[PDB]
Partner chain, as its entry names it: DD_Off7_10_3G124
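Only one chain is shown below, in structure tokens, and it's the form solved without the partner chain.
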């Protein structure tokens, strides 16, 4: 079972879980109820497993795209924020955590990918993907490569795939899957070719991209606000700008709204909300986490005004506008799963962009 008398939280390893713990500390100081913050692997898959038998964390943290599935499976408790509190957050954040007319989680921060470049190696970042190949061989004089980002998670390659047309569910329509169209293929082919021509490696994952960039071995990388922290610890003179365009079109990243949901099986649903509404979602609460690992554009209309000034957050939102906020429909896990296989098979060579995307379409629509 879920032990009552405490709060067990779950958040991804790339987020400021220490900053969250800190917030948990002052909760135990003002209430006596201790808080355990953990970051297990594939927590977004783990939760639905355990939470189905009535176990797991009291509150789960993840981008909103997964929450609809959880709510469909009766794993999330409905939240009860009074008008006053709802008004403390931007109306669009709420829409992202609404399912079948009920709010199924609390919005935290808006996440969008941006281009991170080493101002010293690249005082002027490219504006197009097409000019990156040349830039890569040009950078050989300095013994560097052009770009280097995570190729294992479709979240990171999706912007290039959508630039020229590719899409998941048209504006949330299940009856319209575009991971097989011209755009998708065009974009994925450009990526595959970058690997074909030795400008990128199919095995570059999150760890490899970060080390390579923070160690100043690469001129650019792609990531979210949560990555800024470690870049600060490397003294690298970086900048966060717009993502390169493809075929004249802007890269369209899937925007995610970090969210906090309460386990439907939690005996502590009452403590959870006090903690989420009066300890975390407060100016002082978010800074605690944002000081650990940046959260990006937070939903707390107040503490965000003291952050929207940051050129980084500005770029974050700029790319956010060039793309779209993800749907929260249950079908999303199937989408990400399909695309994941496709990009990895196409990248590695086990398949042609055509076969891979077709199969991705099939996996989503069957």
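Positions refer to the first chain, counted from 1.
Keep in mind that the form deposited with the partner chain bound is not shown, yet the notes after this line are about it.
- This chain is displayed alone, yet in the deposited complex one of 291, 196, 119, 142 has a heavy atom within 4.5 Å of the partner chain; that residue is 196.
- Though the partner chain is absent from this view, in the deposited complex it lies within 4.5 Å of a heavy atom of just one residue from 262, 147, 192, 227, which is 192.
- Put simply, residue 348 is close to the partner chain in the deposited complex: some heavy atom of it is within 4.5 Å.
- Proximity of residue 215 to the partner chain in the deposited complex: non-hydrogen atoms within 4.5 Å are absent; the residue sits far from the partner.
- Using a 4.5 angstroms limit between non-hydrogen atoms, residue 239 is distant from the partner chain in the deposited complex.
- Looking at residue 133, you'd find a heavy atom of it within 4.5 angstroms of the partner chain in the deposited complex.
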